[PDB]
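Listing of protein27.cif; format and content: mmCIF, C-alpha atoms.
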```
data_structure
#
loop_
_atom_site.label_atom_id
_atom_site.label_comp_id
_atom_site.auth_asym_id
_atom_site.auth_seq_id
_atom_site.Cartn_x
_atom_site.Cartn_y
_atom_site.Cartn_z
CA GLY K 700 23.50 -18.16 -22.03
CA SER K 701 22.01 -17.91 -18.50
CA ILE K 702 18.31 -18.87 -18.23
CA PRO K 703 16.84 -16.35 -15.75
CA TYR K 704 13.52 -18.21 -15.53
CA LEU K 705 15.41 -21.36 -14.36
CA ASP K 706 18.45 -19.95 -12.52
CA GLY K 707 17.28 -16.61 -11.01
CA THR K 708 19.53 -14.20 -13.05
CA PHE K 709 16.65 -11.65 -13.53
CA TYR K 710 17.99 -8.42 -15.18
CA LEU K 711 15.01 -6.43 -16.70
CA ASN K 712 13.26 -5.25 -13.49
CA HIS K 713 14.18 -1.60 -14.27
CA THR K 714 11.88 -1.74 -17.37
CA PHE K 715 8.53 -1.61 -15.47
CA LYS K 716 6.65 1.76 -15.19
CA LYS K 717 3.39 0.88 -13.33
CA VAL K 718 1.04 -1.96 -12.33
CA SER K 719 -2.66 -1.73 -11.37
CA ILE K 720 -4.85 -4.42 -9.82
CA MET K 721 -8.64 -4.59 -10.04
CA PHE K 722 -10.90 -7.28 -8.48
CA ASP K 723 -14.38 -8.06 -9.97
CA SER K 724 -13.77 -5.40 -12.67
CA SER K 725 -14.54 -2.69 -10.04
CA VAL K 726 -12.66 -2.69 -6.74
CA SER K 727 -9.20 -1.22 -7.31
CA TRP K 728 -6.62 -2.78 -4.92
CA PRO K 729 -5.13 -1.76 -2.49
CA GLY K 730 -7.68 1.11 -2.79
CA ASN K 731 -8.60 2.82 0.54
CA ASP K 732 -6.53 5.94 -0.38
CA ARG K 733 -3.42 4.06 0.82
CA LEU K 734 -0.60 5.22 -1.55
CA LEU K 735 0.15 8.55 -3.23
CA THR K 736 -1.38 7.16 -6.48
CA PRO K 737 -2.52 3.43 -5.84
CA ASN K 738 -5.44 3.10 -7.74
CA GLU K 739 -1.99 2.35 -9.53
CA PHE K 740 1.41 1.14 -8.09
CA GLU K 741 3.65 3.63 -9.84
CA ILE K 742 7.01 1.77 -9.94
CA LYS K 743 8.88 4.74 -11.55
CA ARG K 744 8.12 8.06 -13.30
CA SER K 745 9.92 9.82 -16.21
CA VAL K 746 9.03 13.35 -15.01
CA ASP K 747 8.20 14.40 -11.46
CA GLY K 748 6.24 17.62 -10.84
CA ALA D 68 50.04 65.49 40.94
CA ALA D 69 47.48 68.38 40.68
CA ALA D 70 45.42 70.68 38.29
CA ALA D 71 44.13 68.01 35.80
CA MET D 72 43.51 65.32 38.49
CA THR D 73 40.19 67.00 39.63
CA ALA D 74 38.11 65.32 36.88
CA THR D 75 39.22 61.75 35.77
CA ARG D 76 41.23 60.37 32.83
CA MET D 82 39.69 43.04 19.42
CA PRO D 83 39.30 40.34 16.69
CA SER D 84 35.92 39.28 15.14
CA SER D 85 32.24 40.20 15.90
CA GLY D 86 31.03 38.51 12.66
CA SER D 87 27.79 40.24 11.55
CA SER D 88 25.97 38.88 8.44
CA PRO D 89 23.02 40.98 6.96
CA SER D 90 25.12 44.02 5.57
CA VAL D 91 23.83 46.77 3.07
CA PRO D 92 21.52 44.84 0.54
CA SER D 93 17.76 45.16 -0.27
CA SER D 94 14.65 43.56 1.30
CA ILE D 95 13.21 40.14 0.13
CA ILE D 96 9.67 38.65 -0.52
CA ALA D 97 8.03 35.21 -1.36
CA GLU D 98 5.01 33.40 -3.03
CA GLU D 99 3.70 29.72 -3.30
CA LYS D 100 2.29 29.22 -6.91
CA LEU D 101 5.24 27.05 -7.95
CA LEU D 102 6.75 24.67 -10.56
CA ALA D 103 5.08 23.73 -13.86
CA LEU D 104 8.63 23.83 -15.33
CA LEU D 105 9.63 20.18 -14.98
CA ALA D 106 7.02 19.30 -17.65
CA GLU D 107 8.59 21.42 -20.47
CA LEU D 108 11.97 19.72 -20.01
CA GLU D 109 10.06 16.60 -21.15
CA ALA D 110 7.90 18.57 -23.74
CA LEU D 111 11.07 19.92 -25.36
CA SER D 112 12.92 16.57 -25.47
CA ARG D 113 9.70 14.76 -26.67
CA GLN D 114 9.06 17.20 -29.52
CA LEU D 115 12.79 17.12 -30.38
CA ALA D 116 12.41 13.37 -30.99
CA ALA D 117 9.26 13.97 -33.07
CA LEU D 118 11.37 16.25 -35.38
CA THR D 119 13.88 13.45 -36.06
CA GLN D 120 11.06 10.91 -36.34
CA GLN D 121 9.60 12.78 -39.33
CA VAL D 122 12.97 13.54 -40.89
CA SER D 123 13.12 9.72 -40.95
CA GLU D 124 9.66 9.68 -42.62
CA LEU D 125 11.08 11.75 -45.48
CA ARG D 126 14.01 9.32 -45.92
CA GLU D 127 11.89 6.14 -45.55
CA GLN D 128 9.56 7.42 -48.34
CA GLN D 129 12.39 8.74 -50.61
CA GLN D 130 14.10 5.30 -50.38
CA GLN D 131 11.00 3.64 -52.02
#
```
Rewritten as structure tokens:
Amino acid sequence: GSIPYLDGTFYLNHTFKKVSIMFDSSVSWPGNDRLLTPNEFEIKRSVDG
Amino acid sequence: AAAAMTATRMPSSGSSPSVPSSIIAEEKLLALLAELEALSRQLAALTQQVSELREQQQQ
């Protein structure tokens, strides 16, 4: 079939929940109180109080 | 001519508040969105262990 990795037909982007980044095993990025929860980039949430 | 002559001889105004009671408020709100997930999580866990009967009976 299509080969997304070669041709660009990416179709599973909706499956991510969150991503977190940590330099030197200590400094969370972007840090600095920037986002509403970015010691983790919360891509989507299943329940939203 | 005389005797009585000594003295002298709409549509919609659209109110709104009418005859109901008074009203009040408070700001301690909204745990409730969590139970909608509690309920539908635990509902799955029921079926999950019905399956664990069947998957042990089938042995």
(message) Residue by residue, what does the PyMOL selection byres ((chain D) within 9 of (chain K)) grab here? Present the result as a PyMOL selection string.
(response) chain D and resi 102-106+108-109
(message) Expand the PyMOL selection byres ((chain K and resi 711-728) around 8) into the explicit residue set it covers here, and present it as a list in words.
(response) residues 709, 710, 729, 730, 737, 738, 739, 740, 741, 742, 743 and 744 of chain K
(message) Using Å and a single decimal, report how far CA of residue 736 (chain K) sits from CA of residue 117 (chain D).
(response)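 Atom-to-atom, CA of residue 117 (chain D) to CA of residue 736 (chain K), that is 29.4 Å.
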(message) As an exercise, work out the distance from CA of residue 116 (chain D) to CA of residue 131 (chain D) in Å and give it to one decimal place.
(response)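 Result for CA of residue 116 (chain D) versus CA of residue 131 (chain D): 23.2 Å, one decimal.
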(request) One decimal, Å: what's the distance from CA of residue 99 (chain D) over to CA of residue 733 (chain K), could you say? (result)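 Pair CA of residue 99 (chain D) / CA of residue 733 (chain K) returns 26.9 Å.
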